[PDB]
Amino acid sequence: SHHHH
Amino acid sequence: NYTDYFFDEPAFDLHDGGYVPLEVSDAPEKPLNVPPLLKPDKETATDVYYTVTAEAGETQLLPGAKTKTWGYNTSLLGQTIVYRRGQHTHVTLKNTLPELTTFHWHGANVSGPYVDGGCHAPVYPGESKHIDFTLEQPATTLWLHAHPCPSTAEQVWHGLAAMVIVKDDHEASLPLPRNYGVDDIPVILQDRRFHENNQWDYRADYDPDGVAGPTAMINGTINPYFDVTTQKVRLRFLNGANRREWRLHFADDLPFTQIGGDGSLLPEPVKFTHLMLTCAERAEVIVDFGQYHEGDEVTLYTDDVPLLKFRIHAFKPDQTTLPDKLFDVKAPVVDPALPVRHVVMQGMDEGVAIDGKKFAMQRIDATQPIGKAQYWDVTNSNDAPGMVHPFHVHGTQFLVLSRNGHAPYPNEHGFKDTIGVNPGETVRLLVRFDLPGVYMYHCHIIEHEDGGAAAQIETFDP
Amino acid sequence: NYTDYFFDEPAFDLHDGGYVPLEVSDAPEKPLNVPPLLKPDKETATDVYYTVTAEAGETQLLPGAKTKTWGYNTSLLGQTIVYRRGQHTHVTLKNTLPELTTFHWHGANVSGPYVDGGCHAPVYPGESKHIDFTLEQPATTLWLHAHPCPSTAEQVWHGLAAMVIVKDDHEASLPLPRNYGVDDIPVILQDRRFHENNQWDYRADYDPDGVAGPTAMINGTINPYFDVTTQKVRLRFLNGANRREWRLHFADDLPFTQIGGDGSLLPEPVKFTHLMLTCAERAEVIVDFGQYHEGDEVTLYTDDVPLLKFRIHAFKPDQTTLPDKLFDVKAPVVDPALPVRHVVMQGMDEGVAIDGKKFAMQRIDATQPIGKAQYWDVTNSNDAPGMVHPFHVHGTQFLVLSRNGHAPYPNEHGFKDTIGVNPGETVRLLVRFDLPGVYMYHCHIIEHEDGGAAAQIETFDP
Ligand SMILES: [Cu+2]
Ligand SMILES: [Cu+2]
Ligand SMILES: [Cu+2]
Ligand SMILES: [Cu+2]
Ligand SMILES: [Cu+2]
Ligand SMILES: [Cu+2]
Ligand SMILES: [Cu+2]
Ligand SMILES: [Cu+2]
Ligand SMILES: [Cu+2]
Ligand SMILES: [Cu+2]
Ligand SMILES: [Cu+2]
Ligand SMILES: [Cu+2]
Ligand SMILES: [Cu+2]
Ligand SMILES: [Cu+2]
Ligand SMILES: [Cu+2]
Ligand SMILES: [Cu+2]
Ligand SMILES: [Cu+2]
Ligand SMILES: [Cu+2]
Ligand SMILES: [Cu+2]
Ligand SMILES: [Cu+2]
Ligand SMILES: [Cu+2]
Ligand SMILES: [Cu+2]
Ligand SMILES: [Cu+2]
Ligand SMILES: [Cu+2]
């Protein structure tokens, strides 16, 4: 569920 | 809301105008290359003898043609070299390349400028040199890479880098994974651009602000997986890229514990979910796969891009626990007679400089007496927008005292040889040189080094 | 059964195992490029001001894609730069290349090692330098080329060479063709190998014994012709090749007269049908087309290969005859307190060396007092089979006294800065340095220089 930048 | 990393978010590489995003390769998944340990030519308790040969060959990286590559004792990168504290070490350096090169022991406190193996230690094609030295420094992960001036960036791009592991008695007494290739592995983080026929072309990709390609390469492997056969795994991260910053985390934010930095164990273990490394930085971490089960594949990312898959196999439970203290960092006392040294990194692109000047091989820029610790205030003067400059000093392991007058980052309380300095920031280092001679300090975005953002310091016996 | 050339036939380049024969290109015939005269930014009688900019561009050499090339004040080679004995000369050096470079005034008696523009005079991308000097030497043809160490061979290959003309009162008084581009032209002799898309690729063609391609290139032109509009023509030959020797003759063995060499006019005119030149040698010749009529063509060859076609148009008959003596060679007296210096060139391929050593940038190999002429005995110690090594000394114009105890060649009684030394041969030179500092001597097969066959000499005021 989590994406970076 | 917040970045998950310690560095200043606006300065991240991904804001540069010419930023090259990583792209996932379609190349098939394959086992992570673990470079074999280099077999000594001869070893006793007191003496070890090695031959390190720079060579050209070919490596199957993508399907189709093999990539033309350089390596140490192998076609690409290098066999891992083990040194021991207090052991008299003998190395024959052999160059079988068509170009002159240099053998720089990054982070090794050996004499300069010859043994150190920077600009002033050329080895011509077909020739050999003999060096020897005894390391008196803590156990850590160092590395070897080419350092002709100019031409460092290009030679590293061809593939001339190798991990160096330094052992000591203290580290051997700690409860750490240490079975090399099984639960203790190098993770050499690089990128490349592949052109026609899977070849590299540094000059086509040249950028004075730093070369980066879209394909991640881990220990000279594309789309690597690692078979985990133990509950805990030690990873020796090395940023071996020309410019790129790595922002490392697992897909599901699996925690990991940093136990070592560039120059030593950290005094205490530091828990992380996300860790950023600038060029030449090393970080040693333990990952615990205890919540996973046979058949699971857990992936390490940089940002949104997958890098390295860990295929989980059956493993025996592991109850062991790290001590609260890993290592006693004994800070030297500053010599009170010595002033504060101010070093200023200036400019970007072609205009990069240190203290108003571009490097000159005949010119000494600074002096410092051996055995005497001095405060170095290092400033990245670039206004907004700017970049994080990794500042490296040859011939010392330094300590980090402060960042803009505040605490160092949590993983910066051990010995380091490279530190990322944010735009506008002044960092205070405690720097002592043990051995006399000539040493370089510079930015370790390698194109900046080649572009002349370097100076040299003469250390002397008083 | 006699060769027509002065050098030792067995040692000619064409006997090497990796010899690359020239081949006539299929490219269209076209007018010989005559590089324009570089316009001073400002000139008075006492001072001249110039801007010399190293730049990267593209040149249409073959049909289709343009070749990526480097040049001075142009895409390839350079604009011809005119200096005058006695005139204070100001040059701004500007580097707009992506790599650092050096601005070497080959044969110009200027201070070293900075103005000289050798290994110790880097100019980084984007920076400028200011030099000034006053030439106090005879009129002659010199040249400018890149000289970073290493990387000279590669930068010359990219196209960083330009002709430099030095004027004086004595030469102006002589009845010589001097209308630049009409009856007085550079003939810059080089070779290249074209790859995919008409590009050059030094690294693919690299050979430590000397790089040579099959395609002759004359002033940056493939398959050139020149329209002759005068009875007599002055050709200023420069061997700007990495290795290749030129063995020059016209179709029908049409005579020509050499009037000049590297460093001065010849004392007396010398008549030739066949002239051999090694790397960096220059030779100024007068060709008389008096016997030909409009519509005739005369081809200049090297060996059996056509280089340059001279197309005879209508011409006024000539107002010239050469004096029996062109120039007074004022030979200095050897300082009798000084020993004979012996310099030995050794090895081939990767093993090239001078006096048992490869070059080191911070090492001084020799010393000599300024203002004092010394005998240098220079030996090529290559057994047969060997090669002719062109030996070059920075910062001086020397005199050739003898070859194996015999007379120098007919065209070697003037001042020279480069001399071809045959296998096993000792040449005796008379060498004086006017200016203090640091100078180099080396083989001018450019791969040999980059491979470390060079040493440095420090000159001092006593
Ligand atoms: Cu942002
Ligand atoms: Cu020993
Ligand atoms: Cu030894
Ligand atoms: Cu390094
Ligand atoms: Cu280093
Ligand atoms: Cu290369
Ligand atoms: Cu995350
Ligand atoms: Cu299994
Ligand atoms: Cu300060
Ligand atoms: Cu930037
Ligand atoms: Cu930098
Ligand atoms: Cu360095
Ligand atoms: Cu023959
Ligand atoms: Cu003046
Ligand atoms: Cu000036
Ligand atoms: Cu030259
Ligand atoms: Cu020269
Ligand atoms: Cu090709
Ligand atoms: Cu003939
Ligand atoms: Cu006509
Ligand atoms: Cu040879
Ligand atoms: Cu002798
Ligand atoms: Cu030279
Ligand atoms: Cu040579």
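Nothing in this text is a laboratory measurement; each read-out follows from the coordinates by a stated rule. Neighbour counts are summed over all protein chains in view; Cβ atoms, including those assigned to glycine, are modelled from backbone coordinates with ideal geometry.
Just checking the protein assembly as shown: which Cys have no other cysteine's beta-carbon under 4.7 Å?
B:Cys279, B:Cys443, C:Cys279, C:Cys443
What distance in nm lies between label points placed 7 Å from Cα along the C-beta direction at C:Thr51 and C:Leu14?
Reported label-point gap for C:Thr51 and C:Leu14 is 4.7 nm.
Below 8 Å between Cα atoms, with a sequence gap of 6+, how large is the relative contact order for chain C in percent?
In percent, rounded to a whole number, it is 16.
Determine, for B:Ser75, B:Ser381, C:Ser264, the number of other Cβ atoms within 10 Å of each Cβ, and report the residues in order from fewest to most. Before the final figure, lay out each step's value.
Values: B:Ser75 20, B:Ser381 16, C:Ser264 25.
Ascending number of Cβ neighbours within 10 Å: B:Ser381, B:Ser75, C:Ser264.
Can you give the extra length, in nm with one decimal, that the chain gains between C:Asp434 and C:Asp132 once fully stretched, where that is 0.36 nm per residue apart less the Cα-Cα distance? Show your work: numbers first, answer last.
Details: separation 302, 0.36 × 302 = 108.72 nm, distance 1.65 nm.
107.1 nm is the gain from fully extending C:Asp434 to C:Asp132.
For the range B:341-460, give the magnitude of the charge dipole about the Cα centre (Cβ charges: +1 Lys/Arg, -1 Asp/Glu; no others), in debye to the nearest 20.
Values: 9 positive and 14 negative charges, 94 e Å.
The dipole of the range B:341-460 has a size of about 460 debye.
What residues have an amide H closer than 5 Å to that of C:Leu76, excluding those fewer than 5 places away on the same chain, when H is modeled at 1.01 Å from N in the peptide plane?
The list, which skips near neighbours in sequence, is empty: none.
Compute from the Cα atoms of the protein assembly as shown the Rg and the Dmax, the latter being the longest Cα-Cα distance, and quote both in angstrom.
Both quantities, over Cα of the protein assembly as shown: 30.9, 105 Å.
List the residues whose amide H sits under 5 Å from the amide H of B:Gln87, counting only those 5 or more places along or on another chain, with H placed 1.01 Å from N in the peptide plane.
So B:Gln87 has HN proximity to B:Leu135.
Give me the net charge of B:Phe433's neighbourhood, meaning all other residues with Cβ under 11 Å from the Cβ of B:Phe433; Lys, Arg count +1, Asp, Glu -1.
Working: positive: B:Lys372, B:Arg432; negative: B:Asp434, B:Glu458, B:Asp461.
Residues close to B:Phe433 contribute a combined charge of -1.
Would you list C:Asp4, C:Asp205 from fewest to most Cβ contacts within 10 Å?
C:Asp4, C:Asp205
Counting alpha carbon pairs within less than 8 Å and at least 6 residues apart, what relative contact order, in whole percent, applies to the range B:13-169? It would help to have the intermediate numbers written out before the result.
Working: 345 pairs, mean separation 35.6, N = 157.
Across the range B:13-169, relative contact order equals 23 percent.
With both partners inside chain C, how many of the DSSP beta bridges are antiparallel, as a percent to the nearest 5?
Around 70 percent of the beta bridges assigned by DSSP in chain C are antiparallel ones.
Using a simple charge model, +1 on the beta-carbon of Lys and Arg, -1 on the beta-carbon of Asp and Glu, nothing else, what dipole does the range C:152-303 show about its Cα centre, in debye to the nearest 20?
With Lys and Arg at +1 and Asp and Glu at -1, about 240 debye.
If you consider only alpha-carbon coordinates, what radius of gyration and Dmax does the range B:341-460 have, in Å?
Considering the range B:341-460 through its Cα atoms, Rg and Dmax are 13.5, 39 Å.
Suppose only helical runs count, i.e. DSSP H with n ≥ 4. What mean residue ellipticity at 222 nm does that imply for chain C under -39500 (n - 2.57) per run, divided by all residues and rounded to the nearest 500 deg cm²/dmol? All intermediate terms of the calculation are to be shown ahead of the outcome.
Working: 4 runs with 20 residues, N = 462.
Helix-only estimate at 222 nm: -1000 deg cm²/dmol.
Could you tell me whether chain B comes out rounded, prolate or oblate from its Cα gyration tensor? Rule is a ≥ b ≥ c as square roots of the eigenvalues, rounded for a/c under 1.5, then prolate if a/b exceeds b/c, otherwise oblate. Each step should come with its number before you reach the end.
Numbers: a/c = 1.22, a/b = 1.17, b/c = 1.04.
It comes out rounded by the Cα gyration axes.
Over all directions, what mean area does the Cα convex hull of the range B:175-312 project, stated in square nanometres?
Reported value for the Cα convex hull: 9.4 nm².
Can you compute 3J(HN,Hα) from phi for each residue in the range C:87-93, using the Karplus curve 6.51 cos²θ - 1.76 cosθ + 1.60 with θ = phi - 60°, rounded to whole Hz and x for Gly and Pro?
7, 5, 10, 10, 10, 8, 8
Work out from phi, with θ = phi - 60° and the Karplus expression 6.51 cos²θ - 1.76 cosθ + 1.60, the ³J(HN,Hα) of each residue of the range B:397-404, listed in order in whole Hz, and give x for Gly and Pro.
9, 9, 10, 9, 9, 7, 10, 6
Could you tell me which of C:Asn239, C:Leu144, C:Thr92 has its Cα farthest along the dipole of chain C towards the positive end, charges placed at Cβ (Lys, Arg +1; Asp, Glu -1), taken about the Cα centre?
Farthest towards the positive pole: C:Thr92.
Placing +1 at every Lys and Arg Cβ and -1 at every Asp and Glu Cβ, with all other atoms neutral, what dipole size does the protein assembly as shown have around its Cα centre, in debye to the nearest 20?
Roughly 1120 debye, rounded to the nearest 20.
Sort C:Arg311, B:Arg428 by Cβ crowding within 10 Å, fewest neighbours at the top.
Values: C:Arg311 15, B:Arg428 18.
Sorted ascending by nearby Cβ count, the order is C:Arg311, B:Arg428.
With an 8 Å cut-off on Cα pairs and a minimum separation of 6 or more residues, tell me the relative contact order of the range B:175-312 in percent. Provide the component values of the computation, followed by the final result.
Details: 297 pairs, mean separation 36.5, N = 138.
Averaging sequence separation for qualifying contacts and normalising by length gives 26 percent for the range B:175-312.
For the range B:109-123, just list the computed ³J(HN,Hα) in residue order, Karplus coefficients 6.51, -1.76 and 1.60, θ = phi - 60°, integers in Hz, with x standing in for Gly and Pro.
Computed from phi, the couplings for the range B:109-123 are 7, 10, 6, x, x, 8, 5, 3, x, x, 4, 8, 10, x, 10 Hz.
Long-range amide H contacts for C:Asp377: which residues qualify at under 5 Å (H placed 1.01 Å from N, peptide plane, sequence gap of 5 or more or a different chain)?
C:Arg341, C:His342, C:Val343, C:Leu429
With a sphere of radius 12 Å drawn around the Cβ of C:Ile81, what net charge do the other residues whose Cβ falls strictly inside it have (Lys, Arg +1; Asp, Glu -1)?
Residues close to C:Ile81 contribute a combined charge of +3.
Along the charge dipole of chain C, Cβ charges K/R +1 and D/E -1, which of C:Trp105, C:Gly213, C:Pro306 sits furthest on the positive end?
Selected residue: C:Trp105.
I need two numbers for the range C:319-365: Rg to one decimal and Dmax as a whole number, Cα atoms only, in Å.
Here Rg and the maximum Cα pair distance are 20.0, 55 Å.
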